[PDB]
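Novice: Residue numbers (PDB author numbering), protein chains in the order written: chain C, 2 to 238; chain E, 4 to 237; chain B, 2 to 249; chain D, 9 to 241; chain F, 6 to 244; chain A, 3 to 232; chain G, 2 to 245; chain I, 1 to 204.
Quick one: the structure is below, questions incoming.
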Amino acid sequence: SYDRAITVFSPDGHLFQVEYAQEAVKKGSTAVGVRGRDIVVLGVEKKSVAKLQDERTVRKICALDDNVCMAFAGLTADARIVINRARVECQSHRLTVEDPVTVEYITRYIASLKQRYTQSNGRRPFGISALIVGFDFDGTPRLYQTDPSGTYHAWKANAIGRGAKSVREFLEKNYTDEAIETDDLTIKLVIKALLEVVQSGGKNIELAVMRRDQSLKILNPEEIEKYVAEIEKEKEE
Amino acid sequence: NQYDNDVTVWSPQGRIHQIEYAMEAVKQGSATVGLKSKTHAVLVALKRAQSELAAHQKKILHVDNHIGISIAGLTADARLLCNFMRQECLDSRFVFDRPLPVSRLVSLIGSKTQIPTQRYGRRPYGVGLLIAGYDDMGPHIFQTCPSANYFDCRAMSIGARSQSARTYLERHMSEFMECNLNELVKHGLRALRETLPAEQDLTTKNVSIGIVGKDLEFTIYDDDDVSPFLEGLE
Amino acid sequence: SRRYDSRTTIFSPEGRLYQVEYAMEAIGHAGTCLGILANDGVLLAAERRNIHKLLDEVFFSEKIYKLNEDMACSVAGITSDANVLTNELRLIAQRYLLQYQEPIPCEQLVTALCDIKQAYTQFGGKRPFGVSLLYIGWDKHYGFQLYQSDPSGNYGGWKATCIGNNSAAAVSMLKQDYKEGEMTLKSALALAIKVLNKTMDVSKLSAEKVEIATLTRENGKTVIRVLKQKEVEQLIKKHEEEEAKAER
Amino acid sequence: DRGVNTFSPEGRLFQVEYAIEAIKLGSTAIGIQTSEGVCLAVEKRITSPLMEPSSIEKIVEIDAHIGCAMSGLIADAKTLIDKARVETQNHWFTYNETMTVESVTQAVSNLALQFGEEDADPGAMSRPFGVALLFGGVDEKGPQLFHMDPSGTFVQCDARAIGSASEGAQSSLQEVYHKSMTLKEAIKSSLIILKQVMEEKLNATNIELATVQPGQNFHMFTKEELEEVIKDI
Amino acid sequence: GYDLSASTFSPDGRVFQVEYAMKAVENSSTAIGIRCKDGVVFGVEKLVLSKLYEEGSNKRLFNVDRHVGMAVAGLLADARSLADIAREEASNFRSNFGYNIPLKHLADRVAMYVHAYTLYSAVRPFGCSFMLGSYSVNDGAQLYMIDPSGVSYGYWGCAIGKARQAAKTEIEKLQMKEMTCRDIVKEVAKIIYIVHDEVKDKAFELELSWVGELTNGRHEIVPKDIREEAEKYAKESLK
Amino acid sequence: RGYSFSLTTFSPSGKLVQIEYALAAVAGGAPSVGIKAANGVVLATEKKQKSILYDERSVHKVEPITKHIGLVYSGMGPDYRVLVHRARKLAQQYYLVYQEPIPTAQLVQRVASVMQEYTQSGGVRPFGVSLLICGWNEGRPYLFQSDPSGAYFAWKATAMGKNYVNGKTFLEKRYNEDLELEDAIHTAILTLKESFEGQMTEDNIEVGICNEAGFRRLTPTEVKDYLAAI
Amino acid sequence: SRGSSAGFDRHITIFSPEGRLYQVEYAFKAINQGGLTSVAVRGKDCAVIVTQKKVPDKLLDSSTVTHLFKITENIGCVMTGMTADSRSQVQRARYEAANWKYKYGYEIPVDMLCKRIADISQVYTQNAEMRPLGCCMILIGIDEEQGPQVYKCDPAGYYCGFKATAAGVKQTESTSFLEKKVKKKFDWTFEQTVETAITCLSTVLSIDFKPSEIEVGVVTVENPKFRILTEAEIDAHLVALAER
Amino acid sequence: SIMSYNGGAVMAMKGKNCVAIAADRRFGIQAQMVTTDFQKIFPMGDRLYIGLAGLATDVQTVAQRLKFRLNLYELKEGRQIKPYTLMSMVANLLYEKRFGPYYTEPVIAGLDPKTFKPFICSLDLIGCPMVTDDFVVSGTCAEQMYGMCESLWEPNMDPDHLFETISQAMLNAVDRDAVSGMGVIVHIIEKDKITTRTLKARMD
Ligand SMILES: [Cl-]
Ligand SMILES: [Cl-]
Ligand SMILES: [Cl-]
Ligand SMILES: [Cl-]
Ligand SMILES: [Cl-]
Ligand SMILES: [Cl-]
Ligand SMILES: [Cl-]
Ligand SMILES: [Cl-]
Ligand SMILES: [Cl-]
Ligand SMILES: [Cl-]
Ligand SMILES: [Cl-]
Ligand SMILES: [Cl-]
Ligand SMILES: [Cl-]
Ligand SMILES: [Cl-]
Ligand SMILES: [Cl-]
Ligand SMILES: [Cl-]
Ligand SMILES: [Cl-]
Ligand SMILES: [K+]
Ligand SMILES: [Mg+2]
Ligand SMILES: [Mg+2]
């Protein structure tokens, strides 16, 4: 079996394989997460459009358990591996603790999986970041982010993938108690945030919500373009 | 150049650069001195302190009641080797109910440390040891190297500027056999002091001492416990 | 030995996996292979490369593989690699049937193989498999289905798609002619020939030069059939007759 | 390109030297040991107002009597921290006593050079850890602060900075430290020094501080307790 | 670069990594073995690199079985490991077959082990050559020499290390077939003093061992007084 | 322990050059011919046999796998011996389970699968051989080629080794569907004569046949007889 | 092509652009490093192996300098090329033959032993991590049906049986000498087999031997056990040749 | 006895250009009947069936695992498996568990997929194959079944006469066995059709 050391240090303390995995993430479709007051929302760009595609089969938003879901940006095949590993783990937790995972527990687990693939022989790092959202047993809403290095943090809102710099700038100016006071406004904040980067708005924004206890709902194109117009016409005034 | 990255690559002059390079790890450690009389084996070591507020690195380690070591080079490799030596000593007392003879333990270090010098992707141990022991053949000072070679010594110094210590030790070695313990440690300290910049002196913060002999299990002296030995370097 | 390791499973400086990309170039040169979804079934149509006169014609197809009772596939790329993968697909499908006593849903079979391909890009120091696959099938969850997978371990569902030589061109023609929700197997067959005729531009299209398989449902049972040459000639005839109308 | 266990002509392992350079990319952390207890203080380094500051943890409890501050590649620290935690619990299980700060630091440091690509199990460590650690606690030797870097070298320090501004911070520590210094003085000293060296204006959310005292278990300062200490400074 | 692995032939059919290992042996000081009427005698020019070393440190003469001596040149850690291999082989032989290993068979077995380190990128060749000597009433005196490629031959006289050729030309002057071990020790000491370059390397110890009728087939260090008599004879012969 | 990385990889244009280079070893090997007649199969090959000092009967290029299946090759002989041994072993494993001789196509599939492994597996090069495999089963003759990539093809007739391209066009203007075996043997030997150089004896070619009775090498005296016309 | 090279195709056993294996080619050059030549010839009644015996050093025990080896009581061998490689191959052959007898209850045929060693050598041409052995093995024995046998295998893993053959520096010349001689002989078969072998060797080297400068080994239909000729025995042949 | 734990009986019988295979329908655990429609005969092809008596868990496992192997065989080969080759496949499968066997003893009945020639055989629990030209039996009432078959079977029976014979052999044999019965199912296999019947039968 293959034992080559793949992720190694360079002069100045760089881990080049990890930096390169991070470049793969920067070329993924834009993903956005906002933690609301009693809701969490994930929105993600495109990726390709293409009329002949079966839309169902390429989603970048994914249930991990009833109370935790995730979006990713980067190498989609890599993301699938992470997602399935996390899904298995959620069931082990339930098995041995008889509670669902906290969002932090499963984030911590995904992050340490990723970190291991930066320090084990024979393997390259995963080329993905993840936005992980849900609710803890006591109702507290949560948004976490992981990256290829295994680092993770909690966020009020965030973006990953292409144009994440500019979307994050927008969330910084626009994430207020007012902007998330209600469910529709929280959803609108995700869409406005994408509508800044999303090439042919929009059209190709996929979007999903999780409510306290209520489990992942994906919005359909009919439900989305309701919000799109309801915001596009408000910005004329 | 093409010959210096792998311990399995002989150079065209019949050298192994990786082993030579591992030996530089020991030349850059802080100096330690080992010497012996008819009855005792002594180790003396200089401790390098990182900053003024750091304690000073341990240089001397207990192996068994009859054996201790002084280290120079990579500390993590020193501990790995020290743990090997400890285990070999415990095994011998478990099996035979007597101390492992010092020369036999040193043979085991040679055999153990030679192995990674001959396999691809392994590396030499980057540590040299001075080994003080006492057994049926009396006191001993042995030296081990990253090359896996080892030496039975009247006295020895390794580490930075140890050439001065070696010289002092040659100058006075004909005295050592007949020295009492105090004279012998004094000699060890004088040799170690030769390694220091003209400014600087032996202090209770930077000197560590290890002693074993006929009447005495391997004992380590640090900090306030070295003051008896430092006073009356007269 | 580090000197001789070409390092097939590492990132490049742009976050790229060169062996995967290079494998995708291999595929681009292989025989053109298309898949079309209809309301009453699904088809595969592929360019044959085994066309030399002295070849012997011993199996029921060249590049169409039955996977289990309800599914088939075709391939573009390294043939021997495709034989390893199609053998693995059959194994997975029987493991599923053993365990659950029901056929593997189409997307589940595709995903299981794509996880093997993904592994080959992440660990093991091996070259990836030089294959893209088109998968056709029926299951009780989503009925008639068409999937595409490639050496990265990525896949997707499609209503019509193409891999191998002149794919980009083929997909433009499909984009233009395909009627979502309104295709029959008969019209998809017509479109398939139309597409191959344009994309085998070296040269004049012959039944000996293509293979078509269809997948349909009859009396609660999946039927998977490779069209006989008489039927392929008849379809080519009808396409040429159709272009006779084209101006007046 | 060369193997991960290659010595340079100066007798150092390239990978370890490079891991030592990665420590300089970390936030600054400070440890001070007094006769009344040890304190640990760390710059959080908030990169966006959207990030939750409490999700940054660069000081962690090892056991009730031992905390740990880290700098460098933080993801690498997790397995070291977990190893420390497991070791102290094993010691407790086996011996029914608390493990010394020194012993914990030693056990963690034995992981240091355990990397390489053809001695070991199917996918063991490919490289060293890009982390430095300050272990601060109280055992029967009294209060204690130990430093450890990627070489596996560890040592007791009366006061020590690590991370980006550690030269700097270490100078100021030489200046202010004295053996008879109180814990409350050490707390103030380390926040004054962090305040100098941090790019951002020190406040009660972009730092952490913890203490361990002979009296009292590992204690992370609250926002409220930080503000009270920040008033003087 | 055709000279970095023992698993690579050069275009002329050479294995440079074995040749380079041989160069390590040829940099070492000289060891000699001489077979005679009633046994085998070994001598080594043992350079003293520090006056701080104990007399007897870094022995280059080893007992590998009670009836077998080994004399080495080249990288000493490699040589010691080979002495361990040889010991183990002699031991296993006795456990399996129930008698003392024949010298020739021990030489062949260890040479195959040396040979195994000349085929692969995974390992490097041993940087040592060594002689094996024994005596018994049944087999007579036997002296074998093994080099880093793993070749093994028997000899009447042999030298290894850096004054190899000079040593051989002196050995050739002896009618060793008709001499006893007691006569030959003095001649071994003599030859070591002849080939020793006293200008280039200052201090050496003479190391002497033998096996023969006179030791009852046991490999033993030459006794101190006989060694000193031999040295005195050698030194005075140099005059 | 062994190298765990592939020695065959994709080039920037999508080629596995080690396999191409293996194919060049095949193209440089001695010529081999296979013709499927109506009632059998003939395999024929040239002995690259210098010296009268060779004992021509000491090693064979035309080899039996089973009672009903046989092989020949172009390319590297020692590589061929590996594959002969594996084919034989694969045939036996099949027979132990199924109690029926392995169908020619099933044998070709399993052998080709082995050749594929050597294009991807750690620390090995591909086989520098192409095989022609003949057999008789389901009352019918079969001729297959298996190449260094692990690709295989069913032929009516073909050639491999030096000058194979011409050999192929020579067969194209000479093979018919309804040809008998005795005739096919003649055209096989004529096809080798095209690219021979040296004058043909029964000692420097080898011929194997496959029919309802099974597979066997022709004997020197039998080859002598076919050569008298040629 | 015509001596082209890509990547590591001169360092490890991968194909060159012409489909060559340079490392295997180079192993054949290694056979000549030793500077020795060997000859083997078979007749109806016996098979003989002759090689040079060079003892440049007076201080060698010349009884230990040989390239003739007994593999079993009935199979002999001459080795040509790198000495330590050759010895290893001898051990392996001895092991393969002993193992054959244990499993199958009869002596390994010479052809099968040669084949097995050749097959083992083949692995070193296809796997990258070790080199081929730079040596060549010639085996003799009596087969009950086929009579005396001479087989040779090489670092490429090729093997063949022969009427006569050679190995080492003057292999080509020996091959020509032997070819010219068999054509002359009826039923293309050697009859004066020890004489032909020694003459061939002496011609191609231009030496005219003393009985201490060659070694001779034999197997015969009447006496199938492998036998090494003594000096005196060899001398009787050298003298019978001197006088015609 | 492990094989009487569930009880049960199967048999197969040859006629002119047809074969028959039959089984009782009880699934019981020692004395207790649990169900009366338990499947013991499984199609391995259009004209090829395997009947398994013995331990009910192994009946099901062997049927399922055999099916796994057969599907892969058929996908890989050109073709539908031959009766004799199925027997060998089954033999090999059972003998792999030589030192910890499945507790089932199958019978096979079919027609060759090309020739349509009749085939029947049975195997013991470790895979010893036995082909016959008349009949085979397996289960807790084998002696009863042998008595009925030896007395009633004749060569070259047509489908209607074969049906009556196998039915009477089964019904009367199981009616002397406490742990077999609760119904009998019969498949008659011909070139052009399968005929499947359940029999009026004692339910005690
Ligand atoms: Cl893992
Ligand atoms: Cl990002
Ligand atoms: Cl040091
Ligand atoms: Cl260190
Ligand atoms: Cl040294
Ligand atoms: Cl030193
Ligand atoms: Cl199926
Ligand atoms: Cl299925
Ligand atoms: Cl630092
Ligand atoms: Cl030498
Ligand atoms: Cl490897
Ligand atoms: Cl074989
Ligand atoms: Cl067979
Ligand atoms: Cl034959
Ligand atoms: Cl035996
Ligand atoms: Cl003659
Ligand atoms: Cl199974
Ligand atoms: K090789
Ligand atoms: Mg009943
Ligand atoms: Mg009842």
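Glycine included, each C-beta is placed from N, C-alpha and C at the ideal position.
Decide if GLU177 of chain F is buried, meaning its Cβ has at least 16 other Cβ atoms within 10 Å, or exposed.
Specialist: Numbered from its first residue, the fifth sequence carries residue 177 of chain F at position 172. Label assigned to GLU177 of chain F: exposed.
Novice: Which residue wins for smallest C-alpha separation from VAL128 of chain F, given the options E:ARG18, E:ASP9, E:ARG169?
Specialist: Along the fifth sequence, read from residue 1 onward, the residue named residue 128 of chain F stands at position 123. The candidate whose alpha carbon is nearest that of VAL128 of chain F is E:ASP9.
Novice: By the three-class DSSP mapping on this structure, what secondary structure does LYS170 of chain A have?
Specialist: Taking the sixth sequence and counting its residues from 1, one reaches residue 170 of chain A at position 168. Note: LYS170 of chain A maps to helix in three-state DSSP.
Novice: Among the candidates C:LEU96, C:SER130, C:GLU105, whose CA atom is the shortest distance from the CA of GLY29 of chain C?
Specialist: Position 28 of the first sequence holds residue 29 of chain C. With distances taken between Cα atoms, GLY29 of chain C lies closest to C:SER130.
Novice: Quick check: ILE50 of chain I and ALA23 of chain I, are their CB atoms within less than 8 Å of each other?
Specialist: The residue given as residue 50 of chain I occupies position 50 in the eighth sequence. The residue given as residue 23 of chain I occupies position 23 in the eighth sequence. In this structure, the beta-carbon distance from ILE50 of chain I to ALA23 of chain I does not fall below 8 Å.
Novice: With a CB to CB cut of under 6 Å and the five nearest residues on each side skipped, what residues in its chain are close to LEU191 of chain D?
Specialist: Residue 191 of chain D sits at position 183 when you count from the first residue of the fourth sequence. Excluding residues within five positions, the ones whose Cβ falls inside 6 Å are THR42, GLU44, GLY45.
Novice: Buried or exposed: where does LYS217 of chain E fall if 16 or more other Cβ atoms within 10 Å of its Cβ makes it buried?
Specialist: Counted from its first residue, the second sequence places residue 217 of chain E at position 214. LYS217 of chain E is exposed by the Cβ-count criterion.
Novice: Is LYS69 of chain A near ligand 13, going by C-beta to nearest heavy atom under 7 Å?
Specialist: Reading the sixth sequence from its first residue, position 67 is the one you call residue 69 of chain A. Because some heavy atom of ligand 13 lies under 7 Å away, the Cβ of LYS69 of chain A counts as near it: yes.
Novice: Looking at chain A, which residues of the stretch 114-131 of chain I have a Cβ within less than 8 Å of any of its Cβ atoms?
Specialist: none
Novice: Evaluate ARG40 of chain F with the Cβ neighbour count: other Cβ atoms within 10 Å of its Cβ, from every protein chain shown; 16 or more gives buried, anything less gives exposed.
Specialist: Your numbering for residue 40 of chain F matches position 35 in the fifth sequence. By the 10 Å Cβ count, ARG40 of chain F comes out buried.
Novice: Output the boundary residues of the alpha helix (DSSP H) element that contains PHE178 of chain G.
Specialist: As a first step, residue 178 of chain G is located in the seventh sequence; it is residue number 177 there, counting from the start. 172-185 is the extent of the alpha helix (DSSP H) around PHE178 of chain G.
Novice: Can you tell me which residues form a DSSP beta bridge with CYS156 of chain E?
Specialist: The residue given as residue 156 of chain E occupies position 153 in the second sequence. For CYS156 of chain E, which the question treats as bridged, DSSP gives the partners E:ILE144, F:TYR58.
Novice: Can you say whether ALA116 of chain F is buried or exposed, counting buried as having 16 or more other CB atoms within 10 angstroms of its CB?
Specialist: Along the fifth sequence, one-based indexing puts residue 116 of chain F at 111. With 16 or more other Cβ atoms within 10 Å, it is buried.
Novice: Check whether the stretch 218-232 of chain B touches the stretch 92-100 of chain D, counting contact only when three or more Cβ pairs, one atom from each stretch, lie closer than 8 Å.
Specialist: Taking a contact to require three or more Cβ pairs closer than 8 Å, the stretch 218-232 of chain B and the stretch 92-100 of chain D do not qualify as touching.
Novice: Can you name the residues of chain F whose CB is closer than 9 Å to the CB of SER2 of chain B?
Specialist: Counting from 1 along the third sequence, the entry for residue 2 of chain B is found at position 1. What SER2 of chain B touches in chain F: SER10, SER12, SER126, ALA127.
Novice: So does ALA73 of chain B have its beta carbon nearer than 7 Å to some heavy atom of ligand 8?
Specialist: The residue given as residue 73 of chain B occupies position 72 in the third sequence. No, Cβ of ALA73 of chain B sits at least 7 Å from all heavy atoms of ligand 8.
Novice: Does the distance from the CB of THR80 of chain B to the CB of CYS163 of chain B come in under 8 Å?
Specialist: Taking the first residue of the third sequence as position 1, residue 80 of chain B is located at position 79. Taking the first residue of the third sequence as position 1, residue 163 of chain B is located at position 162. If you check the CB distance, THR80 of chain B and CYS163 of chain B do not come in under 8 Å.
Novice: Over the uninterrupted beta strand (DSSP E) stretch that includes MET71 of chain C, give me the two end residues.
Specialist: Locating residue 71 of chain C in the first sequence gives position 70, where the first residue counts as 1. Element bounds for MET71 of chain C: 69-75.
Novice: Answer with yes or no whether the minimum CB distance from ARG127 of chain A to chain G is below 8 Å.
Specialist: Sequence index remark: in the sixth sequence, residue 127 of chain A carries index 125 (1-based). Closer than 8 Å: yes.
Novice: Per the DSSP calculation, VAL240 of chain G is bridged to which residue(s)?
Specialist: Taking the seventh sequence and counting its residues from 1, one reaches residue 240 of chain G at position 239. Per the DSSP secondary-structure output, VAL240 of chain G pairs with nothing in a beta bridge.
Novice: List the endpoints of the continuous alpha helix (DSSP H) containing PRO159 of chain I.
Specialist: In the eighth sequence, counting from the first residue as 1, residue 159 of chain I sits at position 159. Note, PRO159 of chain I: alpha helix (DSSP H), 159-174.
Novice: At the 8 Å Cβ level, is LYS67 of chain B part of the contact set with chain I, yes or no?
Specialist: Looking up residue 67 of chain B in the third sequence gives position 66. Yes, contact with chain I.
Novice: Report back the beta-carbon spacing between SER34 of chain F and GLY166 of chain F to the nearest angstrom; my notes put them in contact at under 8 Å.
Specialist: For this step, residue 34 of chain F is matched to residue 29 along the fifth sequence. For this step, residue 166 of chain F is matched to residue 161 along the fifth sequence. Right, their Cβ atoms sit about 5 Å apart.
Novice: Within a Cβ cutoff of 6 Å, which residues of the same chain sit near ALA161 of chain B, ignoring the five residues on either side of it in sequence?
Specialist: Position 160 of the third sequence, counted from the first residue, corresponds to residue 161 of chain B. Take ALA161 of chain B, set aside five residues on each side of it, and the residues of its chain with a beta-carbon closer than 6 Å to its own are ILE37, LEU175, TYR179, in chain order.
Novice: Does the stretch 15-22 of chain A come close enough to the stretch 40-53 of chain A to have 3 or more Cβ pairs within less than 8 Å?
Specialist: no
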